[PDB]
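What follows is one structure encoded as structure tokens, with my remarks underneath.
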Amino acid sequence: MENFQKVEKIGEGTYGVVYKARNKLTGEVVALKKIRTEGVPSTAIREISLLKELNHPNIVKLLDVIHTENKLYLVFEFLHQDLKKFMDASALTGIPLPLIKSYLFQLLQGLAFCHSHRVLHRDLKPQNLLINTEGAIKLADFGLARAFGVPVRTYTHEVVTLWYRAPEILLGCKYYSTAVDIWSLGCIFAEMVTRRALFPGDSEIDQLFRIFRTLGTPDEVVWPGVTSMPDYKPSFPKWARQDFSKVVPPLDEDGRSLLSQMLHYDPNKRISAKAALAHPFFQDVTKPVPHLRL
Ligand SMILES: COCCCNc1cc(NCc2cccnc2)c(C(N)=O)cc1[N+](=O)[O-]
């Protein structure tokens, strides 16, 4: 580095190493990501740069895009904990419903904001939802997938998780819609509630079949056009749909009704972030503070 003092290694991200660092001139504490081959594609630069203006309280702020020495670094606002770690830490008694509801509400506001500006995330997962001691939760890395794409493995060879991937993506659709993020968030919502991943697939077909086993194998009635998707095979086993009462017990009917709308197969029928914010589930939403030991 030069202007940033490295405090500690956060880990290996989907695009490269991430460090907690301190700006030597301002003293500001940030997350510094070194982006992975030769020359840095100008298109990515222009696209990522546009993200500097995508500002919202529930979106991790992109502070700077440094393109020097033909290297690429992204400087982000720093938060002390991610939802994956917080969930593992809450596995004992689970995250209280009021906090789950507050987090879901805030995440939907972030999605509504990005989606209104036509920006998609495409790879939402607990690891990129960040929280602070004030009860805020923020979405990290919106827009990077479009700028850099999503790898099978990270640079250290870790397998990028498929657990939150929408079915249209798994079936080969080339054009992603905002619906892909609602799906991922629905999966995360279900995981906060049950304390178990909803669809923990370990391959693309295992991921797809896990979805089919729970929500039923999609057909033309529920998803017009599904049998014409690039990777759809008429040989897919036909599983009957299970009851949500069995999928996320003991979530109440407001919660199950919202989840069901976030997991509709047809992207076009899937609830939008803005409409989800108006769902009765949020009638009694509050902003509790989590128990965070840093
Ligand atoms: C390398 O990824 C592993 C997943 C966590 N990854 C991240 C976690 C963050 N914060 C929460 C946190 C968690 C643990 C320690 N210290 C801070 C931040 C950030 N912007 O503050 C960035 C990334 N990331 O850009 O990846």
Side-chain angles (χ1 to χ4, degrees), residues 1 3-23 26-36 44 48 51-52 54-66 71-91 95 99 103 106-107 110 113-114 119 121-165 181 184-185 187-188 191-192 197 200 289-294:
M1 309 307 97
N3 319 68
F4 294 100
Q5 178 178 312
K6 300 184 181 178
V7 176
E8 81 149 300
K9 177 175 290 188
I10 292 181
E12 291 88 65
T14 65
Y15 307 119
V17 66
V18 189
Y19 281 99
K20 176 181 181 173
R22 186 164 64 71
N23 181 312
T26 63
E28 181 178 38
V29 169
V30 307
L32 182 61
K33 310 185 184 203
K34 191 184 184 304
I35 303 295
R36 171 174 175 174
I48 295 299
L51 298 178
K52 294 174 76 290
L54 194 66
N55 303 312
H56 177 97
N58 299 110
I59 294 303
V60 178
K61 181 177 179 65
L62 173 55
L63 304 177
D64 260 301
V65 183
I66 305 167
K71 294 285 190 54
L72 186 54
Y73 300 91
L74 299 184
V75 185
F76 286 102
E77 151 184 16
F78 174 85
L79 277 95
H80 292 80
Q81 191 159 297
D82 60 84
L83 185 65
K84 179 174 187 307
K85 175 165 183 172
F86 183 66
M87 276 193 277
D88 292 334
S90 299
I95 299 171
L99 185 57
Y103 282 167
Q106 295 182 58
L107 295 165
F113 173 78
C114 294
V119 173
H121 183 117
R122 311 187 196 194
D123 187 38
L124 286 172
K125 48 194 159 188
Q127 286 197 303
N128 56 38
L129 303 190
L130 312 183
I131 66 182
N132 64 21
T133 54
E134 302 287 66
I137 184 161
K138 306 185 181 203
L139 298 125
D141 299 341
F142 249 88
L144 301 201
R146 185 163 188 277
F148 310 131
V150 54
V152 177
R153 312 292 198 75
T154 70
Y155 68 125
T156 48
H157 312 293
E158 304 165 59
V159 175
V160 171
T161 196
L162 302 171
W163 300 358
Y164 312 93
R165 192 167 290 179
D181 295 330
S184 301
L185 189 52
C187 289
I188 294 169
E191 188 175 339
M192 285 191 279
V289 295
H291 177 70
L292 254 62
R293 205 75 307 174
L294 305 172

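Below, each value reflects all heavy atoms present in this structure, side chains not excepted, and no hydrogens, waters or symmetry copies. Indexing begins at 1, ligand by ligand and atom by atom, following the structure's order. Numbers for residues simply follow the sequence, beginning at 1.
For atom 2 (O) of ligand 1, the closest non-hydrogen atom on the protein side is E12 O, 4.3 Å. For atom 7 (C) of ligand 1, the closest non-hydrogen atom of the protein is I10 CG2, 3.6 Å. The protein heavy atom nearest to atom 1 (C) of ligand 1 is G11 C, 3.4 Å. Atom 4 (C) of ligand 1 has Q127 NE2, 3.9 Å as its closest protein atom, hydrogens excluded (heavy atom only).
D82 contributes no side-chain N or O that, together with a main-chain N or O of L129, makes up a donor-acceptor pair within less than 3.5 Å.
Scanning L63, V18, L130 for the heavy atom closest to atom 18 (C) of ligand 1 points to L130. When the heavy-atom distances from atom 5 (C) of ligand 1 to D82, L79, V60 are ranked, the shortest goes to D82.
Remark: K33 fails to qualify as a cation-pi partner of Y15 under the 6.0 Å distance and 45° angle criteria applied to the six-membered ring.
Within the structure, the closest approach of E77 to ligand 1 falls below 4.0 Å when heavy atoms are considered. Under the 4.0 angstrom criterion for non-hydrogen atoms, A140 is not in contact with ligand 1. Close to ligand 1: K33, with a non-hydrogen atom less than 4.0 angstrom away.
Atom CZ of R22 is surrounded by more than 12 heavy atoms from other residues, nucleotides or ligands within 6.0 Å. In the displayed structure, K20 atom NZ is contacted under 6.0 Å by more than 12 heavy atoms of other residues, nucleotides or ligands.
Remark: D123 pairs with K125 by the salt bridge (charged side-chain N to carboxylate O under 4.0 Å, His left out) rule, at least two apart or across chains.
The backbone of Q81, and not its side chain, has at least one atom closer than 4.0 Å to an atom of ligand 1 (non-hydrogen atoms only; backbone = N, CA, C, O). At a heavy-atom distance under 4.0 Å, no atom of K84 approaches ligand 1.
The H80 neighbourhood of ligand 1 comprises atoms 11 (C), 12 (C), 16 (N), 17 (C), with distances under 4.0 Å to a heavy atom of that residue.
The minimum heavy-atom distance between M87 and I95, with the atom names listed, is CG-CD1, 3.8 Å. Considering all non-hydrogen atoms of both residues, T133 and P290 come closest at O-CD, 4.2 Å.
Among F142, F76, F78, the one residue that satisfies the side-chain contact (heavy atoms from CB on, under 4.5 Å) test with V60 is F76.
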